[PDB]
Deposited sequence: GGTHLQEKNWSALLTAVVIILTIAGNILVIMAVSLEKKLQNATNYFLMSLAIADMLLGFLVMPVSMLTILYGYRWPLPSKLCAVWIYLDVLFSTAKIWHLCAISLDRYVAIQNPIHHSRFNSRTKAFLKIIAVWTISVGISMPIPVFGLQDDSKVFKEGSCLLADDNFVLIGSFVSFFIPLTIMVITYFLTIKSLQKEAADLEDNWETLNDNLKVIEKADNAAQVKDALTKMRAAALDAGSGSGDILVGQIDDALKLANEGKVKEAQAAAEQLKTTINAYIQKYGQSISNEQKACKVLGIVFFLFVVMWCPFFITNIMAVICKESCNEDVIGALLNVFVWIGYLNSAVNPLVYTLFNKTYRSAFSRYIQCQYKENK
């Protein structure tokens, strides 16, 4: 036996215990019902299934010295589900990254479920050559009787199509979301300045022209950022007919609507930027905990006869469990950085499920 098998059992349990709680948070808690949290439930389904189906079999092969213990046609099915769940996880993290970017310049639950299912079928068919060709040829899924994807052309093209190019789309759209929110925070500090400057011009004004000019540029700023434009227009026609102090008074009625609207839109930018940061920790620890696998497995293919394929193959049996450990940690990120997730799990650990 191995103490490694003991450590893996913990990693199976943390994966199964943590991700069920994530599925229980998103299914039960009303504050986790947006589209991103629907993807994080679907991601936790991929994590829960990897802990149930893939990760205990990988522990079983640790116990048999990576000689495959099961039926030989269960190898390509096991590598298919292994590659499927993780490929779903990267295309999920890519879909979160992309859909938060598009949600800024397009301002349903069903729409989430069309996207999730599109990401699942993309992953079902990208991973489809593993049972199609590996069940017809044991040399694609076996190496010295070790079940592992043995064809280098599957490992090169599977890493490029299902790990490199979703990570590339992920890291672009994350950088562009970060810049979009920084422009949106800067656009609304700018319109806050144009509103607050013209409100102070109106409260100094002796003549109708200075109220009318300052409300015109207030009507411009509000149009750029919602329905207080009409209130600004109501005050615009008060200034237009010489009623200076009555237009000045109605701009003070603007100052209460402005502070409400600015602060509400200014809280949702810091909601978005908080949420972008938590997703970026999720994105980061996916790639970092799978980087030692993929880079070794491509340095496997580059120095093939040169390097020790039994050392490389032993590193990859360890590096696969760095990436399996990632399945457990997306729930831990949600405890640390989202009070709604931290509270939901808290209540479920106390067996308290009533909303």
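For this chain, the deposited residues without C-alpha positions form the stretches 1-7, 115-121, 240-244, 375-376, given in sequence order.
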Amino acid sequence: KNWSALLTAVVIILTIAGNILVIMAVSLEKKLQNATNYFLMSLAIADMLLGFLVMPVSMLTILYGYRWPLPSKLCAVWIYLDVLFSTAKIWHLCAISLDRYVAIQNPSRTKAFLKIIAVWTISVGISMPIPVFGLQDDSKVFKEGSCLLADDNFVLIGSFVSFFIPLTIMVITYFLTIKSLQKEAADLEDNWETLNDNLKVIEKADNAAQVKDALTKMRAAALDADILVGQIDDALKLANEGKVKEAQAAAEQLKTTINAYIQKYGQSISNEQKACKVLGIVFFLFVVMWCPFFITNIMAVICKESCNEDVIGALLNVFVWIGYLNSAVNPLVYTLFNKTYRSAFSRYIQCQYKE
From here on, numbers count along this sequence of modelled residues.
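For the pair 304-312 and 285-293, the mean B factor over Cα atoms is greater in 304-312. For the pair 235-243 and 170-178, the mean B factor over Cα atoms is greater in 235-243. Note on the listed residues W91, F160, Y261, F133: the highest Cα temperature factor in the record is that of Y261. The entry assigns its greatest Cα B factor, within the set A112, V141, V77, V229, to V229. Placement of the Cα temperature factor of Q105 within the chain: highest third of the modelled residues, per the deposited record. Among the modelled residues of the chain, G65 sits in the middle third by CA temperature factor in this PDB entry.
In the PDB entry, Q273 places in the highest third of its chain by CA B-factor. Annotation for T256: CA B-factor lies in the highest third of the chain's modelled residues.
Among all modelled residues in this chain, the alpha-carbon of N34 has a temperature factor (C-alpha) in the highest third.
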